[PDB]
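Before any comments, here is the structure.
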Amino acid sequence: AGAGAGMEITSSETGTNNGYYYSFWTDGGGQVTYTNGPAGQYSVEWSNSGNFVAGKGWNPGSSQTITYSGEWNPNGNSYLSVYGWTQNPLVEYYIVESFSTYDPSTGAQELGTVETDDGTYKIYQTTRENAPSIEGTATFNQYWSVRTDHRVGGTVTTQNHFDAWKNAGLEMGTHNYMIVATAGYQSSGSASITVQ
Ligand SMILES: O[C@@H]1[C@@H](O)[C@H](O[C@@H]2CO[C@@H](O)[C@H](O)[C@H]2O)OC[C@H]1O
Ligand SMILES: [Zn+2]
Ligand SMILES: [Zn+2]
């Protein structure tokens with residue numbers, strides 16, 4: 001955003017900015033700095049981070065087709081994803097467009113694949129126990145769609161992923177937020193992403 005960046009945010013916060021929901025979450029490790037830009041733009045910069053997840057989108061999500069653009073420059077473990085939550089049942093989900101040094105599906109049984117938006121995604125389910133959530137400390141399932149050819153930018157037809165997860169037997173609840181998220185853990189980097 002250059003100058004166009006808003007005030008720097010360094011602790012967890014949510015809101016709506018220029019018509020877009022934003023969620024910034026950090027566990028407090030290292031330094032993580034988030035800024036809202038014009039329209040659907042956000043930037044995040046991080047240095048020896050703990051866990052963080054940040055981005056812009058909608059709350060609630062409604063399975064829309066997402067177009068996003070920008071750049072994503074991690075040095076270490078980071079994911080660029082369409083990211084969100086359902087409630088009842090509580091579910092955290094990821095449509096991973098790129099990951100850097102660590103595959104977040106490691107150790108999970110692959111449940112199938114989905115072909116959409118000129119790529120192929122492998123489908124996984126995991127579980128988090130006594131973990132942070134949009135409802136507080138909780139246990140919940142995580143659903144994953146992990147693109148086989150990593151990219152930064154393009155179109156994500158989220159309904160195709162949700163349909164594929166349901167066909168694989170993965171139940172979704174009522175939609176809470178859905179954002180184009182930059183995530184990191186014990187890494188550094190920067191990203192500047194615009195949700196169109
Ligand atoms: O909205 C926030 C969530 O993004 C946060 O989720 C943690 C995000 O990192 C993931 O690796 C974890 O599985 C997940 O627990 O929880 C807090 C909530 O306010
Ligand atoms: Zn990659
Ligand atoms: Zn490629």
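By convention here, the chains of the structure tokens are called A, B, ... in the order presented, each chain's residues are numbered starting at 1, and ligands are numbered starting at 1 in the order presented.
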
Who sits within 9 Å of residue 40 of chain A, only C-alpha atoms, same chain under 6 positions skipped, as number ranges by chain: A: 17-21, 56-57, 68, 193-196

Expected answer as a PyMOL selection string: residues within 6 Å of ligand 1, only C-alpha atoms and all ligand atoms: chain A and resi 25+53+131-134

Write out as a tab-separated table a residue-level contact list of chain A versus ligand 2 with cut-off 12 Å: for each qualifying residue the closest pair of atoms and the distance in Å to one decimal, counting only C-alpha atoms and all ligand atoms, rows sorted by chain and residue number upward.
residue	atom	partner	partner_atom_place_in_ligand_line	distance
A:72	CA	ligand 2	1 (Zn)	10.9
A:73	CA	ligand 2	1 (Zn)	11.1
A:74	CA	ligand 2	1 (Zn)	10.3
A:75	CA	ligand 2	1 (Zn)	11.7
A:76	CA	ligand 2	1 (Zn)	10.8
A:77	CA	ligand 2	1 (Zn)	10.1
A:78	CA	ligand 2	1 (Zn)	9.4
A:79	CA	ligand 2	1 (Zn)	8.7
A:80	CA	ligand 2	1 (Zn)	9.6
A:81	CA	ligand 2	1 (Zn)	11.9
A:96	CA	ligand 2	1 (Zn)	10.0
A:97	CA	ligand 2	1 (Zn)	8.5
A:98	CA	ligand 2	1 (Zn)	5.1
A:99	CA	ligand 2	1 (Zn)	4.6
A:100	CA	ligand 2	1 (Zn)	4.5
A:101	CA	ligand 2	1 (Zn)	7.2
A:102	CA	ligand 2	1 (Zn)	8.7
A:103	CA	ligand 2	1 (Zn)	8.7
A:104	CA	ligand 2	1 (Zn)	11.4
A:146	CA	ligand 2	1 (Zn)	10.5
A:147	CA	ligand 2	1 (Zn)	9.3
A:148	CA	ligand 2	1 (Zn)	8.9
A:149	CA	ligand 2	1 (Zn)	7.6
A:150	CA	ligand 2	1 (Zn)	5.1
A:151	CA	ligand 2	1 (Zn)	7.6
A:152	CA	ligand 2	1 (Zn)	9.7

What does the file look like for those residues with N, CA, C and O atoms, as a JSON list (two decimals), in the first residue's frame?
[["chain", "number", "residue", "atom", "x", "y", "z"],
["A", 72, "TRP", "N", 3.93, -12.65, -1.57],
["A", 72, "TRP", "CA", 4.05, -13.42, -0.34],
["A", 72, "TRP", "C", 5.50, -13.88, -0.28],
["A", 72, "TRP", "O", 5.92, -14.70, -1.09],
["A", 73, "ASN", "N", 6.26, -13.32, 0.67],
["A", 73, "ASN", "CA", 7.71, -13.47, 0.71],
["A", 73, "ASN", "C", 8.17, -14.00, 2.07],
["A", 73, "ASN", "O", 8.78, -13.27, 2.85],
["A", 74, "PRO", "N", 7.92, -15.28, 2.36],
["A", 74, "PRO", "CA", 8.36, -15.84, 3.64],
["A", 74, "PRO", "C", 9.82, -16.24, 3.61],
["A", 74, "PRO", "O", 10.38, -16.56, 2.56],
["A", 75, "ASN", "N", 10.44, -16.22, 4.78],
["A", 75, "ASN", "CA", 11.75, -16.82, 5.00],
["A", 75, "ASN", "C", 11.54, -17.83, 6.13],
["A", 75, "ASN", "O", 11.71, -17.51, 7.30],
["A", 76, "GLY", "N", 11.14, -19.03, 5.76],
["A", 76, "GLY", "CA", 10.75, -20.05, 6.72],
["A", 76, "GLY", "C", 9.28, -20.38, 6.62],
["A", 76, "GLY", "O", 8.59, -20.01, 5.66],
["A", 77, "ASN", "N", 8.79, -21.07, 7.63],
["A", 77, "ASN", "CA", 7.47, -21.71, 7.62],
["A", 77, "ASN", "C", 6.33, -20.69, 7.53],
["A", 77, "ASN", "O", 6.13, -19.88, 8.44],
["A", 78, "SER", "N", 5.57, -20.77, 6.43],
["A", 78, "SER", "CA", 4.45, -19.87, 6.22],
["A", 78, "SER", "C", 3.47, -20.53, 5.25],
["A", 78, "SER", "O", 3.89, -21.32, 4.40],
["A", 79, "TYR", "N", 2.18, -20.22, 5.39],
["A", 79, "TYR", "CA", 1.13, -20.69, 4.47],
["A", 79, "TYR", "C", 0.41, -19.47, 3.90],
["A", 79, "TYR", "O", 0.23, -18.49, 4.61],
["A", 80, "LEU", "N", -0.02, -19.55, 2.64],
["A", 80, "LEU", "CA", -0.93, -18.60, 2.03],
["A", 80, "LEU", "C", -2.18, -19.38, 1.66],
["A", 80, "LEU", "O", -2.10, -20.31, 0.86],
["A", 81, "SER", "N", -3.33, -19.02, 2.25],
["A", 81, "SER", "CA", -4.51, -19.87, 2.12],
["A", 81, "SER", "C", -5.79, -19.05, 2.11],
["A", 81, "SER", "O", -5.84, -17.93, 2.63],
["A", 96, "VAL", "N", -5.03, -24.27, 0.87],
["A", 96, "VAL", "CA", -3.65, -23.80, 0.89],
["A", 96, "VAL", "C", -3.18, -23.61, -0.55],
["A", 96, "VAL", "O", -3.09, -24.57, -1.32],
["A", 97, "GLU", "N", -2.85, -22.37, -0.89],
["A", 97, "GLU", "CA", -2.39, -22.02, -2.23],
["A", 97, "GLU", "C", -0.88, -22.20, -2.36],
["A", 97, "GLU", "O", -0.40, -22.62, -3.42],
["A", 98, "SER", "N", -0.15, -21.88, -1.29],
["A", 98, "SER", "CA", 1.29, -22.07, -1.20],
["A", 98, "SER", "C", 1.64, -22.39, 0.25],
["A", 98, "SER", "O", 1.03, -21.85, 1.17],
["A", 99, "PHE", "N", 2.62, -23.27, 0.44],
["A", 99, "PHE", "CA", 3.34, -23.31, 1.71],
["A", 99, "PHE", "C", 4.83, -23.31, 1.39],
["A", 99, "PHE", "O", 5.24, -23.59, 0.26],
["A", 100, "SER", "N", 5.63, -22.95, 2.38],
["A", 100, "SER", "CA", 7.05, -22.79, 2.11],
["A", 100, "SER", "C", 7.82, -24.03, 2.56],
["A", 100, "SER", "O", 8.03, -24.95, 1.76],
["A", 101, "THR", "N", 8.19, -24.11, 3.83],
["A", 101, "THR", "CA", 9.14, -25.13, 4.27],
["A", 101, "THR", "C", 8.50, -26.29, 5.03],
["A", 101, "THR", "O", 9.22, -27.20, 5.45],
["A", 102, "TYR", "N", 7.19, -26.29, 5.22],
["A", 102, "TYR", "CA", 6.54, -27.34, 6.00],
["A", 102, "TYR", "C", 5.16, -27.58, 5.42],
["A", 102, "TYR", "O", 4.38, -26.64, 5.27],
["A", 103, "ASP", "N", 4.88, -28.84, 5.09],
["A", 103, "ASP", "CA", 3.57, -29.26, 4.58],
["A", 103, "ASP", "C", 2.61, -29.46, 5.74],
["A", 103, "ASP", "O", 2.77, -30.42, 6.51],
["A", 104, "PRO", "N", 1.59, -28.61, 5.88],
["A", 104, "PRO", "CA", 0.68, -28.71, 7.03],
["A", 104, "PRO", "C", -0.17, -29.98, 7.07],
["A", 104, "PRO", "O", -0.84, -30.21, 8.09],
["A", 146, "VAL", "N", -4.86, -28.89, -0.22],
["A", 146, "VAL", "CA", -3.48, -28.43, -0.38],
["A", 146, "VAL", "C", -3.12, -28.52, -1.86],
["A", 146, "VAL", "O", -3.04, -29.62, -2.42],
["A", 147, "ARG", "N", -2.92, -27.36, -2.49],
["A", 147, "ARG", "CA", -2.64, -27.32, -3.92],
["A", 147, "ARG", "C", -1.32, -28.03, -4.20],
["A", 147, "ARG", "O", -0.34, -27.83, -3.48],
["A", 148, "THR", "N", -1.30, -28.86, -5.25],
["A", 148, "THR", "CA", -0.08, -29.60, -5.58],
["A", 148, "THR", "C", 0.96, -28.72, -6.28],
["A", 148, "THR", "O", 2.15, -29.03, -6.20],
["A", 149, "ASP", "N", 0.54, -27.65, -6.95],
["A", 149, "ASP", "CA", 1.44, -26.72, -7.64],
["A", 149, "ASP", "C", 1.26, -25.35, -6.98],
["A", 149, "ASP", "O", 0.27, -24.66, -7.23],
["A", 150, "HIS", "N", 2.20, -24.97, -6.12],
["A", 150, "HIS", "CA", 2.02, -23.77, -5.31],
["A", 150, "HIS", "C", 1.97, -22.52, -6.18],
["A", 150, "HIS", "O", 2.67, -22.43, -7.19],
["A", 151, "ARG", "N", 1.13, -21.56, -5.80],
["A", 151, "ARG", "CA", 1.01, -20.31, -6.53],
["A", 151, "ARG", "C", 0.65, -19.18, -5.58],
["A", 151, "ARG", "O", 0.21, -19.41, -4.44],
["A", 152, "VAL", "N", 0.87, -17.96, -6.06],
["A", 152, "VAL", "CA", 0.51, -16.73, -5.35],
["A", 152, "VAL", "C", -0.40, -15.95, -6.29],
["A", 152, "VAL", "O", 0.06, -15.29, -7.23]]

Pairwise distance for atom CA of residue 47 of chain A and atom CA of residue 186 of chain A, rounded to one decimal in Å: 8.3 Å

Near-segment 160-165 of chain A list (10 Å; only C-alpha atoms; drop same-chain fewer than 6 positions) as a list in words: residues 63, 65, 93, 94, 95, 111, 112, 113, 114, 115, 116, 117, 121, 123, 124, 125, 143, 144, 145, 171 and 172 of chain A

Sel. of helix (DSSP H, G or I) residues, chain A, as a VMD selection string: chain A and resid 2 to 4 158 to 167

Å distance separating atom CA of residue 188 of chain A from atom CA of residue 49 of chain A, one decimal place: 6.5 Å

Test item, strand (DSSP E or B) assignment across chain A, answer as a ChimeraX atom specification: /A:9,13-17,20-26,31-36,41-47,51-58,65-75,78-87,91-99,110-116,119-131,134,136,138-147,154-157,174-185,188-195

Tell me, as a PDB file with N, CA, C and O atoms, in the first residue's frame, which residues lie within 12 Å of residue 89 of chain A, counting only C-alpha atoms; anything in the same chain fewer than 6 positions away does not count.
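Printed below is part-v1.pdb as written:
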ATOM      1  N   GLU A 135     -13.879 -19.782  19.364  1.00  0.00           N
ATOM      2  CA  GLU A 135     -14.721 -19.978  20.541  1.00  0.00           C
ATOM      3  C   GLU A 135     -13.920 -20.096  21.832  1.00  0.00           C
ATOM      4  O   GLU A 135     -14.489 -20.476  22.867  1.00  0.00           O
ATOM      5  N   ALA A 138     -10.379 -24.972  22.641  1.00  0.00           N
ATOM      6  CA  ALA A 138     -11.366 -25.924  22.144  1.00  0.00           C
ATOM      7  C   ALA A 138     -10.676 -27.076  21.426  1.00  0.00           C
ATOM      8  O   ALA A 138      -9.491 -27.010  21.083  1.00  0.00           O
ATOM      9  N   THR A 139     -11.458 -28.133  21.199  1.00  0.00           N
ATOM     10  CA  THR A 139     -11.083 -29.253  20.346  1.00  0.00           C
ATOM     11  C   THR A 139     -11.940 -29.213  19.085  1.00  0.00           C
ATOM     12  O   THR A 139     -13.152 -28.979  19.149  1.00  0.00           O
ATOM     13  N   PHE A 140     -11.313 -29.417  17.934  1.00  0.00           N
ATOM     14  CA  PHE A 140     -12.049 -29.242  16.696  1.00  0.00           C
ATOM     15  C   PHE A 140     -11.294 -29.937  15.581  1.00  0.00           C
ATOM     16  O   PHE A 140     -10.105 -30.241  15.702  1.00  0.00           O
ATOM     17  N   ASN A 141     -12.005 -30.193  14.498  1.00  0.00           N
ATOM     18  CA  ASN A 141     -11.365 -30.774  13.338  1.00  0.00           C
ATOM     19  C   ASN A 141     -10.845 -29.672  12.431  1.00  0.00           C
ATOM     20  O   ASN A 141     -11.363 -28.554  12.430  1.00  0.00           O
ATOM     21  N   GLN A 142      -9.786 -29.991  11.694  1.00  0.00           N
ATOM     22  CA  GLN A 142      -9.243 -29.111  10.669  1.00  0.00           C
ATOM     23  C   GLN A 142      -9.389 -29.810   9.333  1.00  0.00           C
ATOM     24  O   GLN A 142      -9.026 -30.986   9.214  1.00  0.00           O
ATOM     25  N   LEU A 170     -16.630 -35.086   5.255  1.00  0.00           N
ATOM     26  CA  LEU A 170     -16.220 -34.052   6.202  1.00  0.00           C
ATOM     27  C   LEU A 170     -17.361 -33.053   6.375  1.00  0.00           C
ATOM     28  O   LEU A 170     -17.650 -32.272   5.461  1.00  0.00           O
ATOM     29  N   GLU A 171     -17.975 -33.056   7.561  1.00  0.00           N
ATOM     30  CA  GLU A 171     -19.136 -32.222   7.837  1.00  0.00           C
ATOM     31  C   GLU A 171     -18.729 -30.786   8.141  1.00  0.00           C
ATOM     32  O   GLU A 171     -17.801 -30.537   8.909  1.00  0.00           O
ATOM     33  N   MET A 172     -19.456 -29.842   7.559  1.00  0.00           N
ATOM     34  CA  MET A 172     -19.241 -28.424   7.797  1.00  0.00           C
ATOM     35  C   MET A 172     -20.418 -27.854   8.573  1.00  0.00           C
ATOM     36  O   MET A 172     -21.563 -28.248   8.345  1.00  0.00           O
ATOM     37  N   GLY A 173     -20.140 -26.907   9.459  1.00  0.00           N
ATOM     38  CA  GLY A 173     -21.176 -26.228  10.210  1.00  0.00           C
ATOM     39  C   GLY A 173     -21.620 -24.940   9.550  1.00  0.00           C
ATOM     40  O   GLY A 173     -21.488 -24.748   8.335  1.00  0.00           O
ATOM     41  N   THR A 174     -22.168 -24.052  10.377  1.00  0.00           N
ATOM     42  CA  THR A 174     -22.552 -22.714   9.946  1.00  0.00           C
ATOM     43  C   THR A 174     -21.306 -21.861   9.746  1.00  0.00           C
ATOM     44  O   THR A 174     -20.427 -21.823  10.607  1.00  0.00           O
ATOM     45  N   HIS A 175     -21.230 -21.166   8.616  1.00  0.00           N
ATOM     46  CA  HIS A 175     -20.001 -20.451   8.291  1.00  0.00           C
ATOM     47  C   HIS A 175     -19.796 -19.261   9.217  1.00  0.00           C
ATOM     48  O   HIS A 175     -20.732 -18.501   9.490  1.00  0.00           O
ATOM     49  N   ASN A 176     -18.569 -19.128   9.725  1.00  0.00           N
ATOM     50  CA  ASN A 176     -18.104 -17.916  10.388  1.00  0.00           C
ATOM     51  C   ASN A 176     -17.201 -17.197   9.389  1.00  0.00           C
ATOM     52  O   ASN A 176     -17.516 -17.183   8.196  1.00  0.00           O
TER      53      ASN A 176
END

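When only C-alpha atoms and all ligand atoms are used to measure the gap to ligand 3, the shortest distance among A:70, A:157, A:187, A:119 belongs to A:119.
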